[PDB]
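Comments concern the structure below.
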Amino acid sequence: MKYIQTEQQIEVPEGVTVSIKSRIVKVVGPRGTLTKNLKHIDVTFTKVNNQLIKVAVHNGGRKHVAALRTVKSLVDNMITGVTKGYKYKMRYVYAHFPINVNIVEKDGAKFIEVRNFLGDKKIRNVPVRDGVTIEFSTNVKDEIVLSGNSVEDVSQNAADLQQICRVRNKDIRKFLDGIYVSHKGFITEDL
Amino acid sequence: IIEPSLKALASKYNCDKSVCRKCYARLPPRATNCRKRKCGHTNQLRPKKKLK
Amino acid sequence: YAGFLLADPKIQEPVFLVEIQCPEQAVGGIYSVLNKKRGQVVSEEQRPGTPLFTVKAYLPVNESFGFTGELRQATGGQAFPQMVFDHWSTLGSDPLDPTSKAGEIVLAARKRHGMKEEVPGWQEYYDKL
Amino acid sequence: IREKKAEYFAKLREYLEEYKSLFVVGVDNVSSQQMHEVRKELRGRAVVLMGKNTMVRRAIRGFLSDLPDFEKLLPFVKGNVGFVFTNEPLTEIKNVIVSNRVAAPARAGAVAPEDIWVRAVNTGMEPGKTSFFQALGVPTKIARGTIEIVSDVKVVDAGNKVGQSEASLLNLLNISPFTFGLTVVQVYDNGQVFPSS
Amino acid sequence: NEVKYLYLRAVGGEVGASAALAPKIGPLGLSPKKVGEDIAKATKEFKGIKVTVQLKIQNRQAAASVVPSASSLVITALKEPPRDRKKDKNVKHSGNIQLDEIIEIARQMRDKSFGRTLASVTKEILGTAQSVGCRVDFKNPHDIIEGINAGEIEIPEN
Amino acid sequence: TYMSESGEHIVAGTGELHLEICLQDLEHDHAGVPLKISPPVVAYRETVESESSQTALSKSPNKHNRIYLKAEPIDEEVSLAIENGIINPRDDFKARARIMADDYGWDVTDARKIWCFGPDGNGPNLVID
Amino acid sequence: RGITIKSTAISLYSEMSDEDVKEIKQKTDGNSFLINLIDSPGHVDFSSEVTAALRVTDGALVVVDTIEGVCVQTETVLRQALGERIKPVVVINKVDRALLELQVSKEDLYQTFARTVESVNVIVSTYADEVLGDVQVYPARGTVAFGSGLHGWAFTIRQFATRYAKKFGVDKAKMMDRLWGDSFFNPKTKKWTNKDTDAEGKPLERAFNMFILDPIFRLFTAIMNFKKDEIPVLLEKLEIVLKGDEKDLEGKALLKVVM
RNA sequence: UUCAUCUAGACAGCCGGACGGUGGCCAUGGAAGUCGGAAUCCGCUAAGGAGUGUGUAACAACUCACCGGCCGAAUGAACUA
Ligand SMILES: CO[C@H]1[C@@H](O)[C@H](O)[C@H](OC[C@@]23C[C@@H]4[C@H](C)CC[C@H]4[C@@]4(C=O)C[C@@H]2C[C@H](C(C)C)[C@@]34C(=O)O)O[C@@H]1C
Ligand SMILES: Nc1nc2c(ncn2[C@@H]2O[C@H](COP(=O)(O)OP(=O)(O)OP(=O)(O)O)[C@@H](O)[C@H]2O)c(=O)[nH]1
Ligand SMILES: [Mg+2]
Ligand SMILES: [Mg+2]
Ligand SMILES: [Mg+2]
Ligand SMILES: [Zn+2]
């Protein structure tokens, strides 16, 4: 309804620096550096006191101001990703056939190899996007852990593992086999 | 057989879903309108039928 | 024949008496099958010490074909039935209407026996006076 | 709506200006059955009034003009708490107040204050219930027609919430790490607040 | 020799069956038939109405003691000339029973009831009669309730 | 294995798979002859549930004889007694009616005026004067 | 078809050693036994011939799949044996299936056996009348055997309890009942501890996995991973014999010959 | 457009309780809030329906109305074109 001025607040902690070009956001923190292209959103960034960013939309519609709040979420996800990181915990679900998941190398590409899913002789391969760390954690049975700075990369690669292990030609309510994200949090505990 | 917790986890994605009455689309369990354009985002949804 | 055909003629079906040895968990499947086949649950019992129930019910012979396979299917093979003729139960529906529940089974009987399809009315065998 | 609230304001006024002391008893995880028992114990001796913290603070603030003394109450009216108006010896009141400890059943997905260890002693339940024991890996040997756990097995750790399968067996065995009581917060008495203990 | 507890709803005056004993009285083994005739002795006072039967089964010394219950007592207060369950289904339970029994019935209810005043317990037990469908003092039980709340049927606070 | 009441050989078995093997043995080695299988014909009993609202009449072919009668629903307990031997056709009238009247509520005069039992001479159908 | 529809009698002759005839709590004389073996049908549709078989026999070989555990028919067929007062002996079959399909690493196989015996013993406990009492089946006492029928190999805890006396000189009467359940050899200390105790870090393996399942696991691992340089190292250590052409056999077929 | 909740704290969110008479009456082979007809009560109450659903053969066990705890300013519903 053409809000004159709609505003959102981006809180910047002490140890991170945010360098913002026209719509190129570069967040540099203790854990790494993230970059995002926002030239499709037509918003305005302005720094207030070197730990606070204001992003505003002027004379924006319902959809325009709705995506303004999305920009705040995207930037805060960048900032929290270089301070605390992201870790997504996935458990293996199988009734009869244990799912053999490990790390395999082909031309130095860091593929996640999946074997024996529902007894299939097909070998599923999930590429690891750059920035995502893969570790199998002991003392938790059938656990793969994906860690990284950007939630977009961490979550999507976890989703790729989940989607590659979808059951076909069966009642999915009974054949519940797959790899599902059991936890979504940060690398740093209780931060 | 599956552990109860892992079966609950798998059900959260495979069974704990809604279904559109008009296009059979699989929707989130708390959705009020279907995301599909073919049905015109109709509000006629049902819970996904539980096994047995 | 005239006396019979005016005193609201009806048919009687044979009904089986079935006692089924089923455990604690699968006793529910018995009732599901029984409600499909008009069965009447008579009494429940527990064998002392074991979880095996003992359900006695009246299952009509007409609706008793394939009963154990569906009963096995609903109880996962845990139900063990024993089946024997008990008595005769009268069908409440008229066996003269061809579209009635009792009228269809008698209609099939008439056809396979070489008799006529429609049954001779009470006007026959009755001399008007 | 403000009408119905206003008798509660009035009822709170009546109670506070009749009895001499009260408690700020902390009501958490306390069942409806538990509260009735406690109140039933206190018949005549004292009454218990708990309500919407917001109004309770609000009601007092309007009363402060006539009754300044109660001003100290406000910073302690936080969380689910009730006011036990009394005109009886504080010592016995506190004992009866924190008296109704009840071993609450083992709920599923419920945080475990401590570790949950199950013992190798006999339980007396018929071998039918063996399904529950097997589910949680707990070894069990049948003796004298009764389920006797073979070896000590910890089902639930400390902190980690008690899962559904874990809880199920605990309820069967009547095991529970948490018992809830109407713990207290503060004791206002005639114009003075002090630690209950 | 420990005091186990069990509860039943056996109809008054009439014997019970192993069908609802063996699932509980089977493991301990109290000779179900023996238990059933004990139940009849318990229910003997309460002929013709379902009543709870306490079992303090301290190694086969089953109590056979009827646990009181508002419903049964209200029915037992109508004096209900013996019901023939067989003859007709859906028999009624009506009458005109006065205040006094409600005072009496409340007396063994106040013990467990949380209705501190007898007036509270009486309208509780009388409230059960409203569900039953009988009458009290020729008037609607809820009319008696609102009559009590208006201070004209004042309860003896004994 | 036995012979039904509808004139059909009825082989019985534990289940569908057990019966399939038994029939396969029957068709191949035991009998040795090609045979066909169908569900058994269930026999029923015709009965009445009223009192023949108006009097049934029939006239003889020569028009000289007329019969007026009615039909009635004999009670279930009386039907069991005939089949279970409590009421014997061989027994003596006005002596077998002592059991039949006091234990089944009927009046002695109609009980004494019994002509036959049907069918087969001992069935549960009655004819009264 | 692949199923059993009848109950056919077969007679078996069995010679044994003197040392295990002494290990018999029954009045006996000689060193040879004659077996009258009936192969009952598993289907419930043929559950009457097993009743005929049970009446004509006195013992029951209860074969149980480790994969499927205790099924409905194992429930039923054992119930009728207990009704006839037949003493059952339980053998856990298809252990090979669990070791190529389920890939149970160290403890899951032991727990499946533990759960299986508990579920089996529940059946005999509630359906036994008070004439024997000790009719429970229990592997450490030697009433339960383990193996894979399809491959033609099986073992009992008693068999391993005697196999180690010939090589270690340790007691067998108190190791026959020791090699099952919560029992840990505790290396580096030489003490048969009765609990995990955390092993002061790195909780240790039990005697069942360490002494019984470990050698067969090692043979499975080597053969299925084609460690030809490592096969004979165990085989001579496992006191077997060689033939002219069975040595020229690859994985998935060595199990045929070696076990 | 209309009607509602709302700093005496609204909606949403997360968490706690969700009782006693009482297994209300009658039926049912079993029916305990949750296959049914009818009765839609009282007490304690901040609050709890003779019950919102799942569920059990029947119990049980979760769940929801209902009331609270945390945050603090708007929100909800039904219609119109
Ligand atoms: C225990 O052994 C028994 C029972 O299983 C059962 O009574 C059944 O008996 C067969 C029937 C007996 C019924 C009564 C005699 C009256 C009607 C008879 C039947 C129907 O016509 C019902 C069962 C099933 C048979 C028809 C459907 C073919 C009967 C028959 O013999 O005709 O099979 C054997 C003989
Ligand atoms: N992998 C594997 N399969 C087995 C094992 N034991 C039995 N089987 C399979 O089980 C099937 C049935 O076993 P059989 O001995 O042939 O016959 P059965 O068990 O008597 O079956 P019925 O005759 O129908 O009762 C066989 O075809 C095998 O394939 C085993 O130890 N390992
Ligand atoms: Mg298919
Ligand atoms: Mg076979
Ligand atoms: Mg129900
Ligand atoms: Zn749709």
Side-chain angles (χ1 to χ4, degrees), chain B residues 47 50, chain C residues 22 24-32 35 40-46 53 55-58, chain D residues 1-6 8-9 26-37 39-40 48-62 78-82 105 107-109 111 164 167-168 171-172 180, chain E residues 7-9 17 19-20 23-24 49-52 67-75 83 85 88-94 105-106 109-110 112-117 119-134 140-142 145 148-149:
Chain B
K50 300 293 173 303
Chain C
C22 205
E24 180 67 26
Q25 51 255 45
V27 74
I30 296 176
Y31 309 141
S32 292
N35 298 135
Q40 195 183 12
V41 186
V42 176
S43 74
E44 291 174 297
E45 278 97 11
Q46 292 208 343
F53 274 48
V55 166
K56 309 208 284 153
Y58 297 147
Chain D
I1 299 299
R2 177 151 290 191
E3 295 73 45
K4 183 180 180 180
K5 301 162 91 84
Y8 169 81
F9 274 27
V27 190
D28 295 80
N29 290 318
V30 172
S31 77
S32 307
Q33 295 179 358
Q34 198 147 297
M35 185 63 72
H36 294 142
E37 293 179 353
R39 297 180 68 251
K40 187 185 69 169
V48 188
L49 205 67
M50 72 291 291
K52 185 74 176 176
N53 285 49
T54 71
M55 294 183 286
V56 185
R57 290 189 283 256
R58 179 66 179 86
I60 290 176
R61 293 180 181 177
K78 290 190 66 173
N80 191 1
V81 289
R107 308 179 145 210
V111 189
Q164 165 55 57
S168 312
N171 296 295
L172 210 71
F180 300 115
Chain E
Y7 278 25
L8 166 53
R9 289 290 175 180
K24 308 293 183 286
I49 183 56
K50 302 173 281 183
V51 298
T52 313
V67 181
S69 70
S71 49
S72 65
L73 294 174
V74 166
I75 299 146
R83 297 285 74 78
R85 303 287 88 185
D88 75 292
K89 55 95 177 179
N90 290 321
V91 186
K92 202 62 66 176
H93 296 264
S94 297
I105 300 297
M109 289 311 126
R110 191 178 201 198
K112 290 176 278 194
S113 165
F114 284 62
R116 55 187 187 273
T117 61
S120 304
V121 181
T122 47
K123 59 186 81 172
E124 283 212 359
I125 306 300
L126 188 153
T128 77
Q130 184 178 2
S131 73
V132 174
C134 67
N140 187 5
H142 196 246
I145 280 177
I148 289 153
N149 296 295

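Computed from heavy atoms alone, side chains included, the values below leave out hydrogens, waters and symmetry copies. Throughout, a chain's letter reflects where its sequence line sits, starting with A, and its residues are numbered from 1.
Put simply, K50(B) has no side-chain N or O that comes within less than 4.0 Å of OP1 or OP2 on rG55(H). For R39(D), a side-chain nitrogen or oxygen approaches OP1 or OP2 of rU45(H) to under 4.0 Å. Close to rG9(H), at under 4.0 Å from its OP1 or OP2, lies a side-chain N or O of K5(D).
Using a 4.0 Å heavy-atom distance criterion, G51(D) is classed as a sugar-phosphate-only contact. Among the atoms of the strands shown, only primed sugar atoms or phosphate atoms (P, OP1, OP2) are found under 4.0 Å from some heavy atom of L49(D). Using a 4.0 Å heavy-atom cutoff across all strands shown, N171(D) reaches no nucleic acid atom at all. Across all strands, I1(D) comes closer than 4.0 Å only to sugar-phosphate atoms, never to a base (heavy-atom distances). No engagement by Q34(D) is indicated, since no non-hydrogen atom pair under 4.0 Å with the nucleic acid exists.
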Verdict with reasoning, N53(D) to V81(D), per side-chain contact (heavy atoms from CB on, under 4.5 Å)
CA-CA 8 Å; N53(D) 285 49; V81(D) 289; 3.8 Å; yes
Assess the residue pair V67(E) and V51(E) against the criterion (side-chain contact (heavy atoms from CB on, under 4.5 Å)); give the C-alpha distance rounded to whole Å, side-chain angles, the decisive distance to 0.1 Å, and a yes or no.
CA-CA 7 Å; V67(E) 181; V51(E) 298; over 6 Å; no
Under the side-chain contact (heavy atoms from CB on, under 4.5 Å) criterion, do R9(E) and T52(E) qualify, and how do the steps go?
CA-CA 5 Å; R9(E) 289 290 175 180; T52(E) 313; 2.7 Å; yes
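What separates CZ of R58(D) from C1' of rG72(H) is a distance of 17 Å, to the nearest Å. The distance from atom CG of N80(D) to atom P of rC71(H) is 14 Å, rounded to the nearest whole Å. For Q25(C) and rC59(H), the CD to P distance is 19 Å, given to the nearest whole Å. What separates NZ of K78(D) from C1' of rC70(H) is a distance of 10 Å, to the nearest Å. Distance, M35(D) CE to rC67(H) P: 17 Å, rounded to whole Å. Taking atom CD of residue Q164(D) and atom P of nucleotide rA61(H), one finds them 12 Å apart after rounding to whole Å. The CG-P distance, from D28(D) to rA46(H), rounds to 17 Å in whole Å. Put simply, CE on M55(D) is 11 Å from P on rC67(H), counting in whole angstrom units.
If you find the closest nucleotide of RNA chain H to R116(E) and to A6(D), the one lying nearer the 5' end belongs to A6(D). Remark on RNA chain H: of its neighbouring residues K52(D) and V27(C), the 5'-side contact belongs to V27(C), judged by nearest-heavy-atom nucleotide.
Between the side chain of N80(D) and the backbone N or O of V27(D) there is at least one donor-acceptor pair closer than 3.5 Å. Within the 3.5 Å criterion, the main-chain N or O of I1(D) finds a donor-acceptor partner in the side chain of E3(D). Within the 3.5 Å criterion, the main-chain N or O of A119(E) finds a donor-acceptor partner in the side chain of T122(E).
Taken together, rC26(H) and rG36(H) qualify as a Watson-Crick or G-U wobble pair under the 3.5 Å criterion applied to both distances.
With a cut-off of 3.5 Å on both pairing distances, the Watson-Crick or G-U wobble partner of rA77(H) is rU2(H). Base pairing of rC19(H): its partner is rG43(H), meeting the Watson-Crick or G-U wobble criterion (both donor-acceptor distances under 3.5 Å). Nucleotide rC71(H) forms a pair with no other nucleotide shown, judged by Watson-Crick or G-U wobble geometry with both contacts under 3.5 Å. Taking a pair to require two hydrogen-bonding distances under 3.5 Å in either a Watson-Crick or a G-U wobble arrangement, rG30(H) remains unpaired.
The furanose ring of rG72(H) falls on the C2'-endo (south) side of the pseudorotation cycle, as its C1'-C2'-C3'-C4' torsion is below zero. A negative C1'-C2'-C3'-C4' torsion places the sugar of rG23(H) in the south, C2'-endo-side range. The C1'-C2'-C3'-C4' torsion of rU40(H) is negative, which assigns its sugar to the south, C2'-endo side.
The gap from the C1' atom of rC70(H) to that of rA58(H) amounts to 42 Å, rounded to the nearest Å. Of the P atoms belonging to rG24(H) and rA12(H), the separation is 33 Å, rounded to the nearest Å. Spacing between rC79(H) and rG69(H) at atom P, rounded to whole Å, works out to 34 Å. Spacing of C1' atoms, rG72(H) relative to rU40(H), comes out at 40 Å, to the nearest Å. Nucleotides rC67(H) and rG9(H) have their P atoms positioned 13 Å apart, rounded to a whole Å. When the P atom is compared between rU45(H) and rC26(H), the two are found 31 Å apart, to the nearest whole Å. For the P atoms, the distance linking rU63(H) with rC15(H) amounts to 10 Å, nearest Å. Only the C1' atoms considered, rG17(H) is 16 Å distant from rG49(H), to the nearest whole Å.
An aromatic stacking contact between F53(C) and the base of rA57(H) is absent, as defined here by ring centres under 5.5 Å apart and ring planes under 30° from parallel.
The ring-ring contact (aromatic ring centres under 6.0 Å, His included) check on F114(E) picks up nothing, with sequence neighbours excluded. Not counting sequence neighbours, the partners of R83(E) by the salt bridge (charged side-chain N to carboxylate O under 4.0 Å, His left out) test are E80(E).
With 3.5 Å as the limit, one finds a donor-acceptor pair spanning the side chains of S72(E) and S69(E). In summary, the side chains of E124(E) and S120(E) do not present any donor paired with an acceptor at a separation below 3.5 Å, with no hydrogens or angles considered. Residues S32(D) and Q34(D) have side chains that never bring a donor and an acceptor to within less than 3.5 angstrom of each other.
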Counting primed atoms, P, OP1 and OP2 as sugar-phosphate and everything else as base, the B/S/- map of nucleotides 17-34 of chain H against protein heavy atoms under 4.0 Å is SSBBBBBBSSS-BS----
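Judged by ring centres closer than 5.5 Å and planes tilted by less than 30°, the bases of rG17(H) and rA18(H) are stacked on each other. Classification of the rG23(H)/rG24(H) step: not stacked, the six-membered rings not being both closer than 5.5 Å at their centres and less than 30° apart in plane orientation. Neighbouring nucleotides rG53(H) and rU54(H) stack on each other, with six-membered ring centres less than 5.5 Å apart and ring planes inclined by less than 30°.
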